[PDB]
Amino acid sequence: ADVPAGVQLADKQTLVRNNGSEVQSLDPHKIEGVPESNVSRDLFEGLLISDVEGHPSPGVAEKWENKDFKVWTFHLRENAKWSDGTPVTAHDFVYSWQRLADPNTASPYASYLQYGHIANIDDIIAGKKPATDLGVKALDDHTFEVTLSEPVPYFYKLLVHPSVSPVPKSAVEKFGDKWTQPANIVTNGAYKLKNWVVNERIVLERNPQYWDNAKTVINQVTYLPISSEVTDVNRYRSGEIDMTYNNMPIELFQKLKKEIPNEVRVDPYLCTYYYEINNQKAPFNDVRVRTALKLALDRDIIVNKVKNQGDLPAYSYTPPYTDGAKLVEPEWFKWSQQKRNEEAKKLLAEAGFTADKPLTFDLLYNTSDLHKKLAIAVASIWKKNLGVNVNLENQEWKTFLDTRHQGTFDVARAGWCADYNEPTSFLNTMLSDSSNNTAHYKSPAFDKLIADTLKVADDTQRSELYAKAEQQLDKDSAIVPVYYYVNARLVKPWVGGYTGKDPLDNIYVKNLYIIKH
């Protein structure tokens, strides 16, 4: 943390943050969501980290070079250590990225190594080559060298993500799935795990071995698992919570902006809220059905009437303000909702559905005030505009993600937030073989457009290809875009160091501080 000259620090430097749900895991190779990543950034530190404004910056690597954007050499600081005092070395990175690539680990982020095009990853994922063939090596204890199969000018931007953080081989090996328990875990971020009580709290304490420990200010941070946005706001206003999760309740938000304007933080956020259709399951394998659902949803009602928190109606997957996005707004987005409804009814009438045999399906969402209220509204809109019937089902976060990976669903509420600010952070998740493809969408045409982006060495050609890839997704109605999120949350006046400038919202508690109050 960089405390401004003249700010008076509180005697007690403790923080309580709501984290939206119980995490999937604390193992960097078994996680894929925002709540998980929030805790992961405090515990595990990779090659680079984001600074307080989100810029990729030195993490365990103090400096790095690239040869033709294909060979990346990371010089690791000599004093990087784990919480047990042992050094973090390039060998830790070699073992960790191999473990991520290994199919036996079954990471939801195995494909992150395909996104960076680390040599031999496709064969490793397919079981054709062992994980030790991965294009990574330790040239010495403090030098990690990464070899890609094609030039990737933005490669270093990927390296702030939890999937590429190091994990301690000796703890993993000795304790298996219990390596993350407080008595067994070993960490290299600013914090260490003190307590983990499922569905109650996660408490982290300062890690004195952290290389940058002298600049850490907060001594203890607690992460809560509260999925009710209403309850989160209530416990923030009672004094318990210092920073809510960034999902805001429809019941209270309008009141909140009028009651505590200065605590309501609203900033840009590279995330898209959408309804994920399971493209492999009939009748959702029919584009007419998917297009009807996409067109009949009334974004103006959802975004400005039912939610009204500053979100922008969406017509694509990749947010248009992603660095490198130059998207073409489709003609259906400019039409009237009436015109979109007739088209939708027409397509559904064409797909075999009638009043006697209507379209009825499930709408899965993770337990939340916000998502339930949006799903109820979407169900009403779809019923009125298209005559379809939907059965709402809530599931807790960890189970909800598993269900979508399992492809035991019809339509699911969904949200993707960028992992690095470049359109492929979104677009690579729709590749046929991506480990993050929960839409279960497989288009050889889409795959080809993305494959072509690194075969050109021109930003303009790349952007035009990303635009076309979005048009292909849209043409196939792989998803139902709803809105581009804003990052809205409450932060107490005494919480310093949170700028809101990072559109990825990669917060590190080591950067915050409590002002005397």
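Residue numbers here begin at 1 and follow the sequence given. Here, rigid core means the biggest group of C-alpha atoms that superpose within 1.5 Å across both forms.
Query raised in the report: After fitting on the rigid core, which stretch moves more in 9 other deposited structures of this protein, 389 to 397 or 131 to 139, going by C-alpha RMS?
Result: When 389 to 397 and 131 to 139 are compared in 9 other deposited structures of this protein, the bigger C-alpha shift is seen for 389 to 397.
Report task. Please work out whether 81 to 89 or 380 to 388 has the higher root mean square C-alpha deviation in 9 other deposited structures of this protein relative to the shown form, with the rigid core as fitting region? Result -> This comes out as 380 to 388, the stretch further from the shown form in 9 other deposited structures of this protein.
Query raised in the report: According to the deposited model, is the average Cα temperature factor higher in 170 to 178 or in 144 to 152?
Result: Between 170 to 178 and 144 to 152, it is 170 to 178.
**Report entry** Residue stretch of maximal mean CA temperature factor, 303 to 311 vs 281 to 289
**Finding:** The deposited B-factors put 303 to 311 ahead on the C-alpha mean.
Query raised in the report: From 205, 422, 102, 343, which pick has the Cα B-factor that tops the rest in the entry?
Result: So the option with the highest C-alpha B-factor is 343.
Query raised in the report: Which of these, 319, 162, 135, 261, has its C-alpha atom at the highest B-factor, as the entry lists it?
Result: Largest recorded C-alpha B-factor: 261.
**Report entry** Relative C-alpha B-factor of residue 405, binned into the chain's lowest, middle or highest third
**Finding:** For residue 405, whose C-alpha B-factor we compare with every modelled residue in the chain, the answer is the middle third.
Query raised in the report: In terms of the CA temperature factor given in the entry, to which third of its chain does residue 489 belong: lowest, middle or highest?
Result: Tercile = middle for this residue's CA B-factor.
Query raised in the report: Should residue 198 be placed in the lowest, middle or highest third of its chain by the C-alpha B factor in the entry?
Result: Middle third.
Query raised in the report: How does residue 242 rank on Cα B-factor within its chain, lowest, middle or highest third?
Result: Its C-alpha B-factor belongs to the lowest third of this chain's values.
Query raised in the report: So where's residue 120 on the chain's Cα temperature factor ranking, which third?
Result: According to the entry, residue 120 has a C-alpha B-factor in the chain's middle third.
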